[PDB]
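Shown below: query05.csv, with CSV, C-alpha atoms and all ligand atoms.
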chain,number,residue,atom,x,y,z
A,12,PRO,CA,48.9,96.0,80.4
A,13,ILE,CA,50.6,95.2,83.8
A,14,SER,CA,48.7,93.4,86.5
A,15,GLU,CA,48.6,94.4,90.2
A,16,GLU,CA,50.3,91.0,90.9
A,17,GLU,CA,53.0,91.8,88.3
A,18,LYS,CA,53.5,95.2,90.1
A,19,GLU,CA,53.9,93.5,93.4
A,20,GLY,CA,56.6,91.4,91.9
A,21,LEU,CA,58.7,94.3,90.6
A,22,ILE,CA,58.3,96.0,93.9
A,23,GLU,CA,59.6,93.0,95.8
A,24,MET,CA,62.5,92.4,93.4
A,25,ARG,CA,63.6,96.1,93.5
A,26,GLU,CA,64.3,95.7,97.2
A,27,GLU,CA,65.6,92.1,96.9
A,28,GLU,CA,68.4,93.3,94.6
A,29,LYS,CA,69.1,96.1,97.2
A,30,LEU,CA,69.4,93.5,99.9
A,31,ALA,CA,72.1,91.7,98.1
A,32,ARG,CA,73.9,95.0,97.1
A,33,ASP,CA,73.7,96.2,100.7
A,34,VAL,CA,74.8,93.0,102.4
A,35,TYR,CA,77.7,92.7,100.0
A,36,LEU,CA,78.8,96.3,100.5
A,37,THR,CA,78.7,95.7,104.2
A,38,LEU,CA,80.6,92.5,104.1
A,39,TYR,CA,83.2,94.0,101.7
A,40,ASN,CA,83.8,96.8,104.2
A,41,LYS,CA,84.3,94.1,106.8
A,42,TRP,CA,86.5,91.5,105.2
A,43,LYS,CA,87.8,93.4,102.1
A,44,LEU,CA,87.4,90.3,99.9
A,45,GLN,CA,87.2,91.6,96.3
A,46,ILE,CA,84.4,89.2,95.5
A,47,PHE,CA,81.9,91.3,97.6
A,48,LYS,CA,83.0,94.5,95.9
A,49,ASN,CA,82.6,93.0,92.5
A,50,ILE,CA,79.3,91.4,93.1
A,51,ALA,CA,77.9,94.4,94.9
A,52,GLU,CA,78.5,96.3,91.6
A,53,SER,CA,76.5,93.7,89.7
A,54,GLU,CA,73.7,94.1,92.2
A,55,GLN,CA,73.7,97.8,91.6
A,56,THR,CA,73.2,97.0,87.9
A,57,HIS,CA,70.3,94.7,88.8
A,58,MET,CA,68.7,97.3,91.1
A,59,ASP,CA,68.8,99.7,88.1
A,60,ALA,CA,67.2,97.2,85.8
A,61,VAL,CA,64.3,96.8,88.1
A,62,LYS,CA,64.0,100.6,88.6
A,63,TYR,CA,63.8,101.0,84.8
A,64,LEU,CA,60.7,98.8,84.8
A,65,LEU,CA,59.2,100.6,87.8
A,66,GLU,CA,59.6,103.8,85.9
A,67,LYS,CA,58.3,102.5,82.7
A,68,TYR,CA,55.0,101.7,84.4
A,69,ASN,CA,55.2,104.6,86.9
A,70,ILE,CA,55.1,102.3,89.9
A,71,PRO,CA,56.2,104.0,93.1
A,72,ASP,CA,59.7,102.9,94.0
A,73,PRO,CA,59.8,101.1,97.4
A,74,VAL,CA,63.5,102.4,97.6
A,75,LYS,CA,62.8,105.8,99.2
A,76,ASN,CA,66.2,105.8,100.8
A,77,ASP,CA,69.1,104.3,99.0
A,78,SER,CA,71.3,104.1,102.2
A,79,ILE,CA,72.7,100.7,103.0
A,80,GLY,CA,70.3,98.8,105.3
A,81,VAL,CA,67.1,100.8,104.7
A,82,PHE,CA,64.1,98.9,103.4
A,83,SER,CA,60.3,99.6,103.0
A,84,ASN,CA,59.4,95.9,103.1
A,85,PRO,CA,60.5,94.7,106.5
A,86,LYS,CA,61.1,91.2,105.1
A,87,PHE,CA,64.3,92.7,103.7
A,88,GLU,CA,65.1,94.8,106.7
A,89,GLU,CA,65.1,91.6,108.8
A,90,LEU,CA,67.1,89.7,106.3
A,91,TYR,CA,69.6,92.5,106.1
A,92,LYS,CA,70.2,92.5,109.8
A,93,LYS,CA,70.3,88.7,110.3
A,94,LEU,CA,72.7,88.2,107.3
A,95,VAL,CA,75.2,90.9,108.2
A,96,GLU,CA,75.3,89.6,111.8
A,97,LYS,CA,76.0,86.1,110.4
A,98,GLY,CA,78.5,87.4,107.9
A,99,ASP,CA,80.5,89.3,110.5
A,100,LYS,CA,81.6,86.1,112.2
A,101,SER,CA,84.2,84.9,109.6
A,102,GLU,CA,85.3,85.1,106.0
A,103,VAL,CA,83.6,81.6,105.5
A,104,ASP,CA,80.3,82.8,107.2
A,105,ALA,CA,80.3,85.9,104.9
A,106,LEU,CA,80.7,83.7,101.8
A,107,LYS,CA,78.0,81.4,103.0
A,108,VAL,CA,75.8,84.5,103.3
A,109,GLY,CA,76.6,85.4,99.7
A,110,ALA,CA,75.5,82.0,98.6
A,111,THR,CA,72.4,82.2,100.8
A,112,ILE,CA,71.3,85.5,99.2
A,113,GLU,CA,71.8,84.2,95.7
A,114,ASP,CA,69.9,81.0,96.7
A,115,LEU,CA,66.9,83.1,97.9
A,116,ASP,CA,67.0,85.4,94.8
A,117,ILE,CA,67.0,82.5,92.3
A,118,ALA,CA,64.0,80.9,94.2
A,119,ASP,CA,62.1,84.2,94.3
A,120,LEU,CA,62.9,85.1,90.7
A,121,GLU,CA,61.5,81.6,89.7
A,122,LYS,CA,58.3,82.4,91.7
A,123,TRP,CA,57.7,85.7,89.9
A,124,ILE,CA,58.8,84.5,86.5
A,125,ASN,CA,56.1,81.9,86.7
A,126,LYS,CA,53.4,84.5,87.5
A,127,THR,CA,53.9,86.7,84.4
A,128,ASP,CA,53.6,86.6,80.5
A,129,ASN,CA,55.1,90.1,80.0
A,130,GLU,CA,58.2,89.6,77.8
A,131,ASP,CA,59.9,92.8,79.0
A,132,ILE,CA,59.5,91.5,82.6
A,133,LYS,CA,60.7,88.0,81.8
A,134,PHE,CA,63.8,89.2,79.9
A,135,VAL,CA,64.9,91.2,82.9
A,136,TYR,CA,64.0,88.4,85.4
A,137,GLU,CA,65.8,85.8,83.2
A,138,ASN,CA,68.8,88.1,83.0
A,139,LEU,CA,68.8,88.7,86.8
A,140,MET,CA,68.5,84.9,87.3
A,141,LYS,CA,71.5,84.2,85.0
A,142,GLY,CA,73.4,86.8,87.1
A,143,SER,CA,72.5,85.1,90.4
A,144,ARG,CA,73.6,81.7,89.1
A,145,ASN,CA,76.9,83.3,88.2
A,146,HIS,CA,77.2,84.8,91.6
A,147,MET,CA,76.3,81.6,93.4
A,148,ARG,CA,79.0,79.8,91.4
A,149,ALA,CA,81.5,82.5,92.4
A,150,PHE,CA,80.7,82.4,96.1
A,151,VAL,CA,80.8,78.6,96.3
A,152,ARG,CA,84.1,78.4,94.5
A,153,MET,CA,85.4,80.8,97.0
A,154,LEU,CA,84.0,78.7,99.9
A,155,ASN,CA,85.8,75.8,98.3
A,156,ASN,CA,89.1,77.7,98.5
A,157,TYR,CA,88.5,78.0,102.3
A,158,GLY,CA,87.8,74.2,102.5
A,159,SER,CA,84.1,74.8,102.7
A,160,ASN,CA,81.0,74.3,100.6
A,161,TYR,CA,77.3,75.4,100.7
A,162,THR,CA,74.0,73.6,101.5
A,163,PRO,CA,71.0,75.1,99.6
A,164,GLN,CA,68.1,76.5,101.7
A,165,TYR,CA,65.5,77.8,99.2
A,166,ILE,CA,66.1,76.2,95.8
A,167,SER,CA,66.0,72.4,95.5
A,168,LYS,CA,69.1,70.2,96.0
A,169,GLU,CA,68.8,69.2,92.4
A,170,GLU,CA,68.7,72.8,91.1
A,171,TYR,CA,71.7,73.7,93.3
A,172,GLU,CA,73.7,70.8,91.8
A,173,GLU,CA,72.8,71.8,88.2
A,174,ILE,CA,74.1,75.4,89.0
A,175,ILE,CA,77.4,74.5,90.6
A,176,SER,CA,78.4,71.7,88.2
A,177,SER,CA,78.1,74.0,85.2
A,178,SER,CA,80.6,76.8,84.3
A,179,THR,CA,79.7,80.4,84.5
A,180,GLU,CA,77.3,81.7,81.8
B,12,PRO,CA,101.6,108.7,128.6
B,13,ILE,CA,97.9,107.9,127.8
B,14,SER,CA,95.8,106.4,130.5
B,15,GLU,CA,93.3,103.5,130.1
B,16,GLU,CA,90.5,106.0,130.9
B,17,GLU,CA,91.8,108.4,128.2
B,18,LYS,CA,91.9,105.4,125.7
B,19,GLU,CA,88.3,104.6,126.6
B,20,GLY,CA,87.4,108.1,125.6
B,21,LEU,CA,88.9,108.2,122.2
B,22,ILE,CA,87.3,104.8,121.5
B,23,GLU,CA,83.9,106.1,122.4
B,24,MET,CA,84.3,109.4,120.5
B,25,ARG,CA,85.6,107.6,117.3
B,26,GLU,CA,82.2,105.9,117.1
B,27,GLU,CA,80.2,108.9,118.3
B,28,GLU,CA,81.5,110.9,115.3
B,29,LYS,CA,80.5,107.9,113.1
B,30,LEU,CA,77.0,107.9,114.5
B,31,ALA,CA,76.5,111.5,113.4
B,32,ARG,CA,78.2,110.9,110.0
B,33,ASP,CA,76.0,107.8,109.5
B,34,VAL,CA,72.6,109.3,110.6
B,35,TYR,CA,73.3,112.4,108.5
B,36,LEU,CA,74.2,110.3,105.4
B,37,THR,CA,71.0,108.3,105.9
B,38,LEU,CA,68.8,111.4,106.4
B,39,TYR,CA,70.3,113.1,103.4
B,40,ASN,CA,69.5,110.1,101.3
B,41,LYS,CA,66.0,110.3,102.6
B,42,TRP,CA,65.1,114.1,102.4
B,43,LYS,CA,68.0,115.5,100.1
B,44,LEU,CA,68.4,118.5,102.4
B,45,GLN,CA,71.9,119.8,101.6
B,46,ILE,CA,72.5,120.5,105.3
B,47,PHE,CA,72.8,116.7,106.0
B,48,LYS,CA,75.2,116.2,103.1
B,49,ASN,CA,77.4,119.2,104.3
B,50,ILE,CA,77.5,118.2,107.9
B,51,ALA,CA,78.1,114.5,107.2
B,52,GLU,CA,81.3,115.6,105.4
B,53,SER,CA,82.3,117.6,108.6
B,54,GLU,CA,81.6,114.4,110.6
B,55,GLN,CA,83.9,112.4,108.3
B,56,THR,CA,86.6,115.0,109.1
B,57,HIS,CA,85.9,114.5,112.8
B,58,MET,CA,86.0,110.7,112.5
B,59,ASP,CA,89.4,111.1,110.8
B,60,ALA,CA,90.7,113.4,113.6
B,61,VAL,CA,89.9,110.8,116.2
B,62,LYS,CA,91.4,108.0,114.1
B,63,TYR,CA,94.7,109.9,113.9
B,64,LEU,CA,94.8,109.9,117.7
B,65,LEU,CA,94.0,106.2,117.9
B,66,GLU,CA,96.8,105.5,115.5
B,67,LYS,CA,99.2,107.7,117.3
B,68,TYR,CA,98.8,105.6,120.4
B,69,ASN,CA,98.2,102.3,118.5
B,70,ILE,CA,94.8,101.9,120.1
B,71,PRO,CA,92.6,99.3,118.2
B,72,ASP,CA,90.0,101.1,116.1
B,73,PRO,CA,86.4,100.2,117.3
B,74,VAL,CA,85.4,100.9,113.6
B,75,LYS,CA,86.0,97.5,112.1
B,76,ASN,CA,83.4,98.2,109.4
B,77,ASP,CA,83.0,101.6,108.0
B,78,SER,CA,79.5,100.8,106.5
B,79,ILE,CA,76.7,103.1,107.6
B,80,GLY,CA,74.9,101.7,110.7
B,81,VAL,CA,77.6,99.4,111.9
B,82,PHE,CA,79.0,99.9,115.4
B,83,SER,CA,81.1,97.9,117.9
B,84,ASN,CA,79.6,99.7,121.0
B,85,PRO,CA,75.9,98.9,120.9
B,86,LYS,CA,75.1,102.2,122.6
B,87,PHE,CA,75.7,103.7,119.1
B,88,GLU,CA,74.0,100.9,117.2
B,89,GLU,CA,70.8,101.6,119.2
B,90,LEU,CA,71.1,105.3,118.9
B,91,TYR,CA,71.6,104.9,115.1
B,92,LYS,CA,68.5,102.8,114.8
B,93,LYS,CA,66.3,104.9,117.0
B,94,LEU,CA,67.4,108.2,115.4
B,95,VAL,CA,67.0,107.2,111.7
B,96,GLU,CA,63.5,105.9,112.6
B,97,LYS,CA,62.6,109.2,114.1
B,98,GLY,CA,64.3,111.1,111.3
B,99,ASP,CA,62.3,109.3,108.6
B,100,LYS,CA,59.0,110.8,109.8
B,101,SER,CA,59.4,114.3,108.4
B,102,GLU,CA,61.9,117.0,107.4
B,103,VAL,CA,61.4,118.7,110.9
B,104,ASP,CA,61.9,115.4,112.7
B,105,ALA,CA,65.1,114.8,110.8
B,106,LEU,CA,66.4,118.3,111.7
B,107,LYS,CA,65.5,117.7,115.3
B,108,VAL,CA,67.5,114.5,115.2
B,109,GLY,CA,70.5,116.6,113.8
B,110,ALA,CA,70.1,118.9,116.8
B,111,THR,CA,69.8,115.9,119.2
B,112,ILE,CA,73.0,114.3,117.9
B,113,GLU,CA,74.9,117.5,118.3
B,114,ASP,CA,73.4,118.0,121.8
B,115,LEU,CA,74.7,114.5,122.9
B,116,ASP,CA,78.1,115.1,121.3
B,117,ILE,CA,78.7,118.4,123.1
B,118,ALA,CA,77.7,116.8,126.4
B,119,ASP,CA,79.9,113.8,125.8
B,120,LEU,CA,82.9,115.9,124.6
B,121,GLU,CA,82.5,118.0,127.8
B,122,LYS,CA,82.6,114.7,129.9
B,123,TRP,CA,85.8,113.4,128.3
B,124,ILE,CA,87.5,116.8,128.1
B,125,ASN,CA,87.2,117.1,131.8
B,126,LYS,CA,88.9,113.7,132.3
B,127,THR,CA,92.1,114.5,130.5
B,128,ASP,CA,95.2,116.8,130.7
B,129,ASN,CA,96.7,115.6,127.4
B,130,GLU,CA,97.0,118.8,125.2
B,131,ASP,CA,96.9,116.9,121.9
B,132,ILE,CA,93.6,115.2,123.1
B,133,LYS,CA,92.1,118.4,124.3
B,134,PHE,CA,92.9,120.3,121.1
B,135,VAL,CA,91.1,117.7,119.1
B,136,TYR,CA,88.1,117.6,121.5
B,137,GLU,CA,87.9,121.4,121.7
B,138,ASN,CA,87.9,121.5,117.9
B,139,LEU,CA,85.3,118.8,117.7
B,140,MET,CA,83.2,120.7,120.2
B,141,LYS,CA,83.5,123.9,118.3
B,142,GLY,CA,82.3,122.0,115.2
B,143,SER,CA,79.3,120.5,117.1
B,144,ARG,CA,78.2,124.0,118.2
B,145,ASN,CA,78.4,125.2,114.6
B,146,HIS,CA,76.3,122.2,113.6
B,147,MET,CA,73.7,122.7,116.3
B,148,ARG,CA,73.3,126.4,115.3
B,149,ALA,CA,72.9,125.3,111.6
B,150,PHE,CA,70.2,122.6,112.5
B,151,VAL,CA,68.3,125.0,114.7
B,152,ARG,CA,68.3,127.7,112.2
B,153,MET,CA,66.9,125.3,109.8
B,154,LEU,CA,64.2,124.1,112.2
B,155,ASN,CA,63.4,127.8,112.6
B,156,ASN,CA,62.8,128.1,108.8
B,157,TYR,CA,60.2,125.3,109.2
B,158,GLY,CA,58.5,127.1,112.0
B,159,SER,CA,60.1,124.9,114.6
B,160,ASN,CA,62.7,125.0,117.3
B,161,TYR,CA,64.6,122.6,119.6
B,162,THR,CA,64.5,121.6,123.3
B,163,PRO,CA,67.9,120.4,124.7
B,164,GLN,CA,68.0,116.8,126.1
B,165,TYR,CA,71.7,116.4,127.2
B,166,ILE,CA,73.3,119.8,127.7
B,167,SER,CA,71.8,122.3,130.1
B,168,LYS,CA,69.2,124.8,129.1
B,169,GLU,CA,71.7,127.5,129.8
B,170,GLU,CA,74.4,126.0,127.6
B,171,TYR,CA,71.9,125.5,124.8
B,172,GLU,CA,70.8,129.2,125.0
B,173,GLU,CA,74.5,130.4,125.0
B,174,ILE,CA,75.1,128.3,121.8
B,175,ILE,CA,72.1,129.4,119.8
B,176,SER,CA,72.2,133.1,120.7
B,177,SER,CA,75.8,133.4,119.4
B,178,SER,CA,76.9,133.4,115.7
B,179,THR,CA,78.8,130.6,114.2
B,180,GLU,CA,82.5,130.3,115.2
A,201,MN,MN,70.9,90.3,91.6
A,202,MN,MN,73.3,88.2,93.0
A,203,MN,MN,81.3,115.8,115.1
A,204,MN,MN,78.4,117.4,114.6
Translate the structure described by the file into structure tokens.
Amino acid sequence: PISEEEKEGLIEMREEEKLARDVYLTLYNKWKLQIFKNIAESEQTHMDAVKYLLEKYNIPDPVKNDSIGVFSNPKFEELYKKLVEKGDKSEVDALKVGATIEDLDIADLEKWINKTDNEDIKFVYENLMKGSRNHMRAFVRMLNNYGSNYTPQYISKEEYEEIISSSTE
Amino acid sequence: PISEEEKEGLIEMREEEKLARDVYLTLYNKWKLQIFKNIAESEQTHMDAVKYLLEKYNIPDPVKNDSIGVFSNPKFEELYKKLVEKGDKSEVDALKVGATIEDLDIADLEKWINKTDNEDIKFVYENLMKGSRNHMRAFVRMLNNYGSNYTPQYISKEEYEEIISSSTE
């Protein structure tokens, strides 16, 4: 059976995937870099994956309004606003924000992964995490094309180096 | 030729139609009342009409990001946020917000209409205004079905009474 702590996790990650989807849709509409469109689609997939677990356990969905920018947990509302403002400044700032979101997601997925023994919850979280590593590699390579790079904020320097020095999974 | 004042008008109204489109899309996603979907479509039409004038005179479009909730003029950013927060409380509050937006739009269209002699600008503004009267009648009738009604905020009491006591145009 699912624990209250495990429920709290799925609730947070349901909106964390939405944060990434929403920022990326917003930055695509701004800068029309295909990367944002492509990855926003992948985030929609991830949102769906978490929703399927929510439904499986009949947990109330925090997403009561699918509209871009709308969140139940204000942690994500504040992150949405701060990150779109940053990302509006330049193509490089928007790509840095992509890398930032993925950085936070990988750190948060690690957090929740380490609090559960449920194999169906782990498979989804591991798959989400593999996705976020792929996204991080894609955003950084793009920052490289602009003559830029990324400094990690949430995961360790060492984890960041392992991600970017390997090819996409 | 177009005046700087006339340009300022089209710039404001381009984002004012977006405000209505965006709040209505957001409230539809919340409450799934068809009225919001239907009228949001009409606002997309109105947005397009203003854009066609912007392009005709090669005025820079204030809409640099079509994403819901994004505005160049912060008057509309603040209105977007305040109105979605209000509209999230209940179906009746959301319908009151529809009526409010239309109220403001009719008042603002009257303002700009009275500052121009350009027939192509007037035709569009008159057509927009006829649209907003239709929308206001639809939102109020819906509030009536909920046992509610609307108090005008921007247009006069007398103008509000003329609108709602006539049938849709
Ligand atoms: Mn994801
Ligand atoms: Mn991602
Ligand atoms: Mn309109
Ligand atoms: Mn309207």
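Taking CA of residue 175 in chain A and CA of residue 152 in chain A as the two end points, the separation is 8.7 Å.
Straight-line separation from CA of residue 67 in chain B to CA of residue 116 in chain B: 22.7 Å.
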- Identify every residue of chain A that has at least one atom within 12 Å of any atom of chain B, counting all atoms listed in the file, and report the result as a VMD selection string. chain A and resid 33 to 43 74 to 83 88 91 to 92 95 to 96 98 to 99
Could you write out chain A as a compact mmCIF listing (two decimals) with C-alpha atoms, in the coordinates of the input once it has been least-squares superposed on chain B using every ordered C-alpha pair?
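The file below, superposed-v9.txt, is the result:
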# COMPACT_ATOMS: atom_id res chain seq x y z
CA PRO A 12 101.67 108.72 128.61
CA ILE A 13 97.94 107.93 127.85
CA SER A 14 95.72 106.48 130.51
CA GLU A 15 93.33 103.52 130.06
CA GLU A 16 90.49 106.02 130.84
CA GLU A 17 91.84 108.41 128.17
CA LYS A 18 91.84 105.41 125.71
CA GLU A 19 88.29 104.62 126.53
CA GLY A 20 87.39 108.14 125.67
CA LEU A 21 88.96 108.13 122.20
CA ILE A 22 87.33 104.84 121.54
CA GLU A 23 83.90 106.15 122.42
CA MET A 24 84.35 109.39 120.46
CA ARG A 25 85.59 107.54 117.30
CA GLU A 26 82.22 105.83 117.09
CA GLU A 27 80.22 108.89 118.29
CA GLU A 28 81.49 110.89 115.29
CA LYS A 29 80.50 107.86 113.07
CA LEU A 30 77.02 107.96 114.51
CA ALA A 31 76.51 111.48 113.46
CA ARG A 32 78.15 110.89 109.98
CA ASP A 33 75.97 107.82 109.48
CA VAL A 34 72.68 109.29 110.63
CA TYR A 35 73.27 112.34 108.49
CA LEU A 36 74.15 110.30 105.41
CA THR A 37 71.00 108.34 105.94
CA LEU A 38 68.80 111.31 106.43
CA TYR A 39 70.36 113.09 103.40
CA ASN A 40 69.49 110.08 101.26
CA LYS A 41 65.97 110.40 102.60
CA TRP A 42 65.12 114.06 102.44
CA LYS A 43 67.94 115.41 100.17
CA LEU A 44 68.35 118.52 102.36
CA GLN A 45 71.88 119.84 101.63
CA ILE A 46 72.48 120.50 105.29
CA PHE A 47 72.82 116.70 106.00
CA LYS A 48 75.24 116.27 103.12
CA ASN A 49 77.35 119.13 104.28
CA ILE A 50 77.43 118.19 107.88
CA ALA A 51 78.00 114.53 107.16
CA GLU A 52 81.25 115.67 105.44
CA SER A 53 82.31 117.52 108.58
CA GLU A 54 81.65 114.39 110.58
CA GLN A 55 83.87 112.45 108.28
CA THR A 56 86.60 115.00 109.08
CA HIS A 57 85.95 114.51 112.80
CA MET A 58 86.02 110.70 112.50
CA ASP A 59 89.47 111.10 110.87
CA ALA A 60 90.73 113.33 113.62
CA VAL A 61 89.88 110.78 116.20
CA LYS A 62 91.41 107.95 114.09
CA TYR A 63 94.67 109.95 113.92
CA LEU A 64 94.85 109.86 117.71
CA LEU A 65 93.95 106.16 117.84
CA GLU A 66 96.80 105.52 115.51
CA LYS A 67 99.21 107.70 117.26
CA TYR A 68 98.81 105.58 120.38
CA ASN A 69 98.15 102.31 118.49
CA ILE A 70 94.74 101.85 120.06
CA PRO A 71 92.60 99.33 118.22
CA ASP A 72 89.98 101.12 116.17
CA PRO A 73 86.41 100.19 117.28
CA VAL A 74 85.40 101.01 113.58
CA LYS A 75 86.04 97.56 112.06
CA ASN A 76 83.43 98.19 109.43
CA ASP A 77 82.98 101.62 108.04
CA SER A 78 79.50 100.81 106.51
CA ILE A 79 76.70 103.11 107.53
CA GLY A 80 74.94 101.73 110.64
CA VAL A 81 77.64 99.33 111.90
CA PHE A 82 78.95 99.90 115.41
CA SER A 83 81.10 97.90 117.95
CA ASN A 84 79.62 99.73 120.95
CA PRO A 85 75.95 98.90 120.90
CA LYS A 86 75.15 102.24 122.57
CA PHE A 87 75.69 103.69 119.09
CA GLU A 88 74.01 100.90 117.23
CA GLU A 89 70.84 101.60 119.26
CA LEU A 90 71.11 105.28 118.81
CA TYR A 91 71.60 104.84 115.11
CA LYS A 92 68.46 102.84 114.72
CA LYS A 93 66.22 104.96 117.01
CA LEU A 94 67.38 108.26 115.37
CA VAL A 95 66.97 107.21 111.75
CA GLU A 96 63.48 105.84 112.56
CA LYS A 97 62.64 109.23 114.15
CA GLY A 98 64.23 111.15 111.32
CA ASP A 99 62.30 109.30 108.63
CA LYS A 100 59.00 110.77 109.79
CA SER A 101 59.44 114.37 108.43
CA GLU A 102 61.93 117.00 107.36
CA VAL A 103 61.33 118.69 110.85
CA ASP A 104 61.88 115.32 112.74
CA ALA A 105 65.16 114.80 110.77
CA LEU A 106 66.39 118.28 111.75
CA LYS A 107 65.43 117.70 115.32
CA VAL A 108 67.54 114.53 115.13
CA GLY A 109 70.47 116.57 113.86
CA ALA A 110 70.16 118.86 116.81
CA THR A 111 69.76 115.90 119.17
CA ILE A 112 73.02 114.30 117.95
CA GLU A 113 74.95 117.52 118.28
CA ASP A 114 73.40 118.00 121.78
CA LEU A 115 74.65 114.52 122.86
CA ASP A 116 78.13 115.04 121.29
CA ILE A 117 78.72 118.40 123.03
CA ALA A 118 77.66 116.80 126.42
CA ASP A 119 79.90 113.77 125.87
CA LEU A 120 82.84 115.82 124.60
CA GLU A 121 82.52 117.96 127.84
CA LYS A 122 82.60 114.70 129.90
CA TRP A 123 85.82 113.47 128.29
CA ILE A 124 87.48 116.85 128.09
CA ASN A 125 87.16 117.07 131.83
CA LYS A 126 88.84 113.66 132.36
CA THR A 127 92.12 114.44 130.53
CA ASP A 128 95.26 116.77 130.74
CA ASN A 129 96.72 115.61 127.38
CA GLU A 130 96.97 118.75 125.21
CA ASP A 131 96.88 116.82 121.92
CA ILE A 132 93.59 115.21 123.12
CA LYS A 133 92.08 118.47 124.33
CA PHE A 134 92.91 120.37 121.11
CA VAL A 135 91.07 117.78 119.08
CA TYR A 136 88.13 117.56 121.57
CA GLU A 137 87.91 121.40 121.72
CA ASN A 138 87.97 121.51 117.93
CA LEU A 139 85.27 118.78 117.65
CA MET A 140 83.19 120.71 120.25
CA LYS A 141 83.47 124.00 118.27
CA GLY A 142 82.30 121.97 115.22
CA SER A 143 79.26 120.57 117.06
CA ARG A 144 78.23 124.02 118.27
CA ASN A 145 78.39 125.15 114.67
CA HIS A 146 76.31 122.25 113.58
CA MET A 147 73.73 122.71 116.31
CA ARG A 148 73.38 126.35 115.26
CA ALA A 149 72.88 125.23 111.65
CA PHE A 150 70.25 122.62 112.42
CA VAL A 151 68.24 124.93 114.70
CA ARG A 152 68.25 127.73 112.19
CA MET A 153 66.91 125.30 109.74
CA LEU A 154 64.19 124.16 112.21
CA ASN A 155 63.36 127.82 112.55
CA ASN A 156 62.79 128.07 108.79
CA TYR A 157 60.19 125.25 109.16
CA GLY A 158 58.50 127.17 112.07
CA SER A 159 60.10 124.91 114.61
CA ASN A 160 62.75 125.05 117.30
CA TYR A 161 64.66 122.54 119.53
CA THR A 162 64.49 121.60 123.25
CA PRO A 163 67.88 120.42 124.63
CA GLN A 164 68.05 116.86 126.09
CA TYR A 165 71.67 116.36 127.27
CA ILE A 166 73.34 119.75 127.71
CA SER A 167 71.81 122.27 130.14
CA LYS A 168 69.14 124.81 129.08
CA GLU A 169 71.61 127.52 129.85
CA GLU A 170 74.38 126.02 127.67
CA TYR A 171 71.89 125.52 124.81
CA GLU A 172 70.89 129.22 125.00
CA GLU A 173 74.55 130.39 125.00
CA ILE A 174 75.12 128.26 121.77
CA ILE A 175 72.12 129.40 119.77
CA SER A 176 72.28 133.11 120.67
CA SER A 177 75.85 133.39 119.41
CA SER A 178 76.89 133.38 115.69
CA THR A 179 78.80 130.58 114.18
CA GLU A 180 82.49 130.30 115.20
- Close residues to ligand MN 202 (chain A) using all atoms listed in the file, limit 9 Å, as a PyMOL selection string: chain A and resi 28+31-32+50-51+53-54+57+109-110+112-114+116-117+139-140+142-147
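Reported to one decimal place, the separation of CA of residue 166 in chain B from CA of residue 135 in chain B is 19.9 Å.
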Which residues come within 8 Å of range 159-164 of chain A, counting only C-alpha atoms, excluding same-chain residues fewer than 5 positions away, as a PDB file with C-alpha atoms, in the frame of the given file?
ATOM      1  CA  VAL A 103      83.600  81.600 105.500  1.00  0.00           C
ATOM      2  CA  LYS A 107      78.000  81.400 103.000  1.00  0.00           C
ATOM      3  CA  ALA A 110      75.500  82.000  98.600  1.00  0.00           C
ATOM      4  CA  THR A 111      72.400  82.200 100.800  1.00  0.00           C
ATOM      5  CA  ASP A 114      69.900  81.000  96.700  1.00  0.00           C
ATOM      6  CA  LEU A 115      66.900  83.100  97.900  1.00  0.00           C
ATOM      7  CA  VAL A 151      80.800  78.600  96.300  1.00  0.00           C
ATOM      8  CA  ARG A 152      84.100  78.400  94.500  1.00  0.00           C
ATOM      9  CA  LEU A 154      84.000  78.700  99.900  1.00  0.00           C
ATOM     10  CA  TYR A 171      71.700  73.700  93.300  1.00  0.00           C
TER      11      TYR A 171
END
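Across A:123, A:61, A:44, A:73, the tightest approach to residue 101 in chain A is made by A:44 when counting all atoms listed in the file.
Remark: for ligand MN 203 (chain A), the closest of the candidate residues B:126, B:45, B:137, B:64 is B:137 (distances computed over only C-alpha atoms and all ligand atoms).
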At a cut-off of 9 Å, using all atoms listed in the file, what residues contact residue 18 in chain A? Leave out same-chain residues fewer than 5 positions from it and give the result as a short mmCIF file (atom, residue, chain, number, x, y, z; two decimals) with C-alpha atoms, in the frame of the given file.
data_model
loop_
_atom_site.label_atom_id
_atom_site.label_comp_id
_atom_site.auth_asym_id
_atom_site.auth_seq_id
_atom_site.Cartn_x
_atom_site.Cartn_y
_atom_site.Cartn_z
CA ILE A 13 50.60 95.20 83.80
CA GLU A 23 59.60 93.00 95.80
CA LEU A 65 59.20 100.60 87.80
CA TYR A 68 55.00 101.70 84.40
CA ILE A 70 55.10 102.30 89.90
#
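For the residues A:168, A:118, A:102, A:125, ranking by smallest atom-to-atom distance to residue 156 in chain A using all atoms listed in the file places A:102 first.
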